[PDB]
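Notes follow once the structure below has been shown.
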Amino acid sequence: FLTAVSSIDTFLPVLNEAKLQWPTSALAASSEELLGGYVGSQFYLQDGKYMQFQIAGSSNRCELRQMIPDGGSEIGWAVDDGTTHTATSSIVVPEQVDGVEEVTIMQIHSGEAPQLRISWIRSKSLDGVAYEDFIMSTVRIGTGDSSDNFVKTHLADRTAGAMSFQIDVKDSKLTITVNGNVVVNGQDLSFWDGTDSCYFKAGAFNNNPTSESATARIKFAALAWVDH
């Protein structure tokens, strides 16, 4: 059998506060199943140290969804409760195979929409400028579909080596730090004031692939979700 992510200590804190959704939004493994050695080609310990997610198919996913710790049910939090909600990761995004076009690797999501997606993108124009093989943030500042509902930012070109991300939400402001540098500084989340159903996600959520069989693959060297 492939080696399970829970066979080492590194990911136990996040697995204790997550369920796995795979290959759709439906539950694949409870927190206790994750801590108890759930494993497959979609979710296994790679190179002895990475929690690796793999998924093919349009809008399919292999993704952790934040839960109340210690076997609890789904968590929901607010963007302006006075605390800081923080997700920290170290991610190796390998070169993606032909057919994979965009992979969402971290989110803030709520009952009805994603407040934030961090995604790898093969190629895209942002604000009249072309970028290739890069990491992007997409923030929703409304629920509609026109462009005024989104703020998109080039976070970094994809690197061979691990790339760290810190997502901080405090007092209706979002900050994203990449490799220790603030890239998104205090993006307004006040559109979501009153929402108490937000939560973190991380893994691989395959968006708009050109082929249904192309398998997205994302490796986490570290992942934690905390409330300060």
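For the structure tokens, the naming scheme is as follows: chains receive sequential letters (A, B, ...) according to their order of presentation, residues are indexed from 1 within each chain, and ligands are indexed from 1 in presentation order.
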Hey, which bits of segment 76-170 of chain A sit within 9 Å of segment 209-213 of chain A, and for each residue what's the closest pair of atoms and how far apart in Å (one decimal), counting only C-alpha atoms, rows by chain and increasing number, as a tab-separated table?
```
residue	atom	partner	partner_atom	distance
A:98	CA	A:210	CA	8.4
A:99	CA	A:210	CA	4.7
A:100	CA	A:209	CA	4.9
A:101	CA	A:209	CA	5.1
A:102	CA	A:209	CA	7.0
A:103	CA	A:209	CA	8.9
```
Since we have the selection now, will you write its residues out, keeping N, CA and C atoms, as a compact mmCIF listing (two decimals), in the first residue's frame?
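What follows is the written file again_26.txt:
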```txt
# COMPACT_ATOMS: atom_id res chain seq x y z
N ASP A 98 0.26 18.16 -19.41
CA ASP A 98 -0.56 18.73 -20.47
C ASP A 98 -2.03 18.42 -20.23
N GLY A 99 -2.87 19.43 -20.37
CA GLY A 99 -4.29 19.31 -20.13
C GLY A 99 -4.74 19.95 -18.83
N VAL A 100 -3.85 20.10 -17.87
CA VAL A 100 -4.16 20.79 -16.63
C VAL A 100 -3.91 22.27 -16.86
N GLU A 101 -4.92 23.08 -16.58
CA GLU A 101 -4.89 24.51 -16.88
C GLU A 101 -4.95 25.40 -15.65
N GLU A 102 -5.59 24.96 -14.58
CA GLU A 102 -5.70 25.78 -13.37
C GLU A 102 -6.00 24.82 -12.23
N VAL A 103 -5.28 24.97 -11.13
CA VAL A 103 -5.49 24.13 -9.96
C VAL A 103 -5.59 25.04 -8.74
```
Please report, as a tab-separated table, each residue of segment 102-127 of chain A lying at most 7 Å from segment 179-199 of chain A, together with the nearest pair of atoms and the separation in Å rounded to one decimal; use only C-alpha atoms, and order rows by chain and ascending residue number.
```
residue	atom	partner	partner_atom	distance
A:108	CA	A:199	CA	5.6
A:109	CA	A:198	CA	5.4
A:110	CA	A:198	CA	4.1
A:111	CA	A:197	CA	5.7
```
Give me, as CSV, each residue of segment 49-104 of chain A that comes within 8 Å of segment 9-24 of chain A, together with its shortest interatomic pair and the distance in Å at one decimal, counting only C-alpha atoms, with rows ordered by chain and rising residue number.
```
residue,atom,partner,partner_atom,distance
A:51,CA,A:11,CA,7.8
A:55,CA,A:23,CA,7.1
A:59,CA,A:24,CA,7.8
A:60,CA,A:24,CA,5.2
A:61,CA,A:23,CA,5.2
A:62,CA,A:22,CA,4.5
A:63,CA,A:21,CA,5.3
A:64,CA,A:20,CA,4.5
A:65,CA,A:18,CA,5.2
A:66,CA,A:18,CA,4.5
A:67,CA,A:17,CA,4.7
A:68,CA,A:17,CA,5.7
A:69,CA,A:17,CA,4.3
A:70,CA,A:16,CA,5.7
A:71,CA,A:16,CA,7.2
A:72,CA,A:17,CA,8.0
```
Select from segment 13-82 of chain A everything DSSP, run on the backbone, classes as alpha helix (DSSP H), then give the selection as a list in words.
residues 13, 14, 15, 31, 32, 33, 34 and 35 of chain A
Identify, on the basis of only C-alpha atoms, every residue whose closest approach to residue 133 of chain A does not exceed 7 Å; exclude the query and any residue fewer than 5 positions from it along the same chain; express the result as a PyMOL selection string.
chain A and resi 121-123+157-158
Test item: residues at most 12 Å from residue 117 of chain A, only C-alpha atoms, excluding those fewer than 5 positions along its chain, as an MDAnalysis selection string
chainID A and resid 102:110 135:140 150:153 155 167 176 200:207
Using only C-alpha atoms, can you tell me which of A:73, A:159, A:89, A:175 comes closest to residue 116 of chain A?
A:175
For residue 38 of chain A: contacts at 8 Å, only C-alpha atoms, fewer than 2 positions along chain excluded, given as a tab-separated table (two decimals) with N, CA, C and O atoms, in the first residue's frame:
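Once everything was written out, this is out33.tsv:
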```tsv
chain	number	residue	atom	x	y	z
A	4	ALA	N	0.77	6.24	4.15
A	4	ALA	CA	-0.26	7.19	4.55
A	4	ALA	C	0.33	8.49	5.09
A	4	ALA	O	1.37	8.51	5.75
A	5	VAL	N	-0.38	9.58	4.82
A	5	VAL	CA	0.05	10.89	5.30
A	5	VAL	C	0.17	10.91	6.82
A	5	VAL	O	1.08	11.52	7.38
A	6	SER	N	-0.74	10.21	7.52
A	6	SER	CA	-0.73	10.21	8.98
A	6	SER	C	0.38	9.37	9.58
A	6	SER	O	0.46	9.32	10.80
A	29	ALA	N	-13.09	11.02	3.46
A	29	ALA	CA	-12.53	10.54	4.72
A	29	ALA	C	-12.77	11.57	5.80
A	29	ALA	O	-12.49	12.76	5.62
A	33	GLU	N	-10.57	9.17	10.17
A	33	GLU	CA	-10.04	8.27	9.15
A	33	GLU	C	-8.70	8.78	8.61
A	33	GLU	O	-7.79	7.99	8.35
A	34	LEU	N	-8.57	10.10	8.43
A	34	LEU	CA	-7.32	10.68	7.98
A	34	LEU	C	-6.20	10.44	8.99
A	34	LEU	O	-5.10	10.03	8.62
A	35	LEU	N	-6.50	10.67	10.28
A	35	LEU	CA	-5.52	10.42	11.33
A	35	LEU	C	-5.22	8.94	11.47
A	35	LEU	O	-4.15	8.56	11.96
A	36	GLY	N	-6.16	8.09	11.07
A	36	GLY	CA	-6.00	6.66	11.18
A	36	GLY	C	-5.51	5.98	9.92
A	36	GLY	O	-5.71	4.78	9.78
A	40	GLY	N	-4.55	6.63	-0.55
A	40	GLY	CA	-4.75	6.15	-1.91
A	40	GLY	C	-3.88	6.96	-2.84
A	40	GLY	O	-3.19	7.89	-2.43
```
Nearby residues (only C-alpha atoms) at most 7 Å from residue 166 of chain A, same-chain spacing under 5 positions excluded, as a VMD selection string:
chain A and resid 86 to 89 176 to 178
With distances taken over only C-alpha atoms, which of A:154, A:217, A:173, A:85 is nearest to residue 43 of chain A?
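Of the candidates, the smallest distance to residue 43 of chain A is held by A:217.
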Would you list, as a VMD selection string, the residues of segment 28-200 of chain A that end up in strand (DSSP E or B) under DSSP run on this structure's backbone?
chain A and resid 28 to 29 40 43 to 46 50 to 56 61 to 67 74 77 84 to 92 102 to 109 114 to 126 129 to 140 150 to 157 163 to 170 173 to 178 181 to 188 198 to 200
Could you write out the selected residues, including C-alpha atoms, as a compact mmCIF listing (two decimals), in the first residue's frame?
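Generated output (result27.txt):
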```
# COMPACT_ATOMS: atom_id res chain seq x y z
CA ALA A 28 -14.06 10.77 1.23
CA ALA A 29 -12.53 10.54 4.72
CA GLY A 40 -4.75 6.15 -1.91
CA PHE A 43 -3.78 11.27 -1.16
CA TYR A 44 -0.53 9.77 0.09
CA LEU A 45 2.81 10.61 1.66
CA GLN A 46 5.27 11.38 -1.16
CA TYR A 50 4.84 15.59 1.35
CA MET A 51 1.09 15.34 1.67
CA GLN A 52 0.32 14.94 -2.04
CA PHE A 53 -3.08 15.42 -3.68
CA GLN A 54 -3.89 14.18 -7.20
CA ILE A 55 -7.10 14.61 -9.18
CA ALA A 56 -8.36 14.54 -12.77
CA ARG A 61 -11.13 17.79 -6.30
CA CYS A 62 -9.02 16.14 -3.66
CA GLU A 63 -9.24 18.74 -0.93
CA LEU A 64 -9.16 19.15 2.84
CA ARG A 65 -12.05 21.10 4.37
CA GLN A 66 -11.63 22.68 7.80
CA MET A 67 -13.52 21.02 10.65
CA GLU A 74 -18.02 21.47 10.06
CA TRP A 77 -16.15 31.51 11.21
CA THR A 84 -6.82 36.30 13.27
CA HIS A 85 -7.67 33.22 11.23
CA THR A 86 -4.49 31.97 9.62
CA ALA A 87 -3.63 29.26 7.11
CA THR A 88 0.05 28.56 6.57
CA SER A 89 1.48 26.20 3.99
CA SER A 90 4.61 25.18 2.15
CA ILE A 91 3.72 23.85 -1.28
CA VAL A 92 5.69 22.27 -4.10
CA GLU A 102 -5.70 25.78 -13.37
CA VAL A 103 -5.49 24.13 -9.96
CA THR A 104 -6.90 25.76 -6.85
CA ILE A 105 -4.63 24.89 -3.94
CA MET A 106 -5.97 26.94 -1.01
CA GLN A 107 -9.32 28.57 -0.37
CA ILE A 108 -11.42 30.55 2.00
CA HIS A 109 -14.96 29.39 1.30
CA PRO A 114 -15.27 31.29 -2.32
CA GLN A 115 -14.01 34.42 -0.62
CA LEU A 116 -10.50 33.47 -1.82
CA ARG A 117 -8.92 31.01 -4.20
CA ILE A 118 -5.15 30.66 -4.52
CA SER A 119 -4.51 28.79 -7.74
CA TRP A 120 -1.79 27.75 -10.11
CA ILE A 121 -2.59 28.94 -13.64
CA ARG A 122 -0.92 27.89 -16.89
CA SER A 123 -1.51 31.21 -18.69
CA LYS A 124 -3.75 34.22 -18.21
CA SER A 125 -3.99 37.95 -18.77
CA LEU A 126 -4.53 40.10 -15.67
CA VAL A 129 -0.69 41.90 -18.75
CA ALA A 130 0.09 38.30 -19.73
CA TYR A 131 1.44 35.85 -17.16
CA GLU A 132 2.47 32.22 -17.55
CA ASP A 133 2.94 29.31 -15.12
CA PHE A 134 2.11 31.32 -12.06
CA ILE A 135 0.23 31.48 -8.77
CA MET A 136 -2.80 33.77 -8.57
CA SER A 137 -5.21 34.96 -5.91
CA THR A 138 -8.87 35.49 -6.76
CA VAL A 139 -10.86 37.36 -4.11
CA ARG A 140 -14.63 37.78 -4.35
CA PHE A 150 -13.37 39.89 -8.24
CA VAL A 151 -9.92 41.13 -7.36
CA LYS A 152 -7.21 39.05 -9.02
CA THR A 153 -3.50 39.31 -8.21
CA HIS A 154 -0.32 37.72 -9.51
CA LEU A 155 1.22 36.24 -6.36
CA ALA A 156 4.38 34.64 -7.79
CA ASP A 157 5.73 32.72 -10.73
CA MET A 163 6.77 28.08 -1.86
CA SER A 164 5.27 29.25 1.41
CA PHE A 165 1.89 30.89 1.78
CA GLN A 166 0.34 32.57 4.77
CA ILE A 167 -3.29 33.65 4.54
CA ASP A 168 -4.38 35.92 7.41
CA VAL A 169 -7.92 37.20 7.96
CA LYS A 170 -8.39 39.82 10.67
CA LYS A 173 -8.92 42.38 5.97
CA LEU A 174 -7.07 39.69 4.04
CA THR A 175 -3.29 39.49 3.85
CA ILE A 176 -1.39 36.99 1.73
CA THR A 177 2.34 36.47 2.34
CA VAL A 178 4.39 34.45 -0.19
CA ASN A 181 6.84 38.77 1.55
CA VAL A 182 3.46 40.46 1.78
CA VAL A 183 1.90 40.42 -1.68
CA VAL A 184 -1.75 41.18 -0.84
CA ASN A 185 -1.86 43.77 1.91
CA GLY A 186 -5.19 44.23 3.65
CA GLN A 187 -7.64 43.39 0.88
CA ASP A 188 -11.12 44.41 1.98
CA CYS A 198 -16.30 30.75 6.35
CA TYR A 199 -13.68 28.01 6.49
CA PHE A 200 -10.32 27.09 4.99
```
Closest of A:78, A:2, A:171, A:96 to residue 42 of chain A - atom-to-atom distances counting only C-alpha atoms
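Ranking A:78, A:2, A:171, A:96 by distance to residue 42 of chain A, first place goes to A:2.
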With distances taken over only C-alpha atoms, which residue among A:57, A:47, A:32, A:80 lies nearest residue 219 of chain A?
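Using only C-alpha atoms, residue 219 of chain A sits closest to A:47.
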What is the atom CA of residue 172 of chain A to atom CA of residue 76 of chain A distance in Å?
15.1 Å
Interatomic distance between atom CA of residue 161 of chain A and atom CA of residue 93 of chain A?
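Distance reported for this atom pair: 8.1 Å.
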Find the residue from A:97, A:141, A:39, A:79 that sits nearest to residue 227 of chain A; use only C-alpha atoms when measuring.
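So, comparing all the options, the nearest one is A:79.
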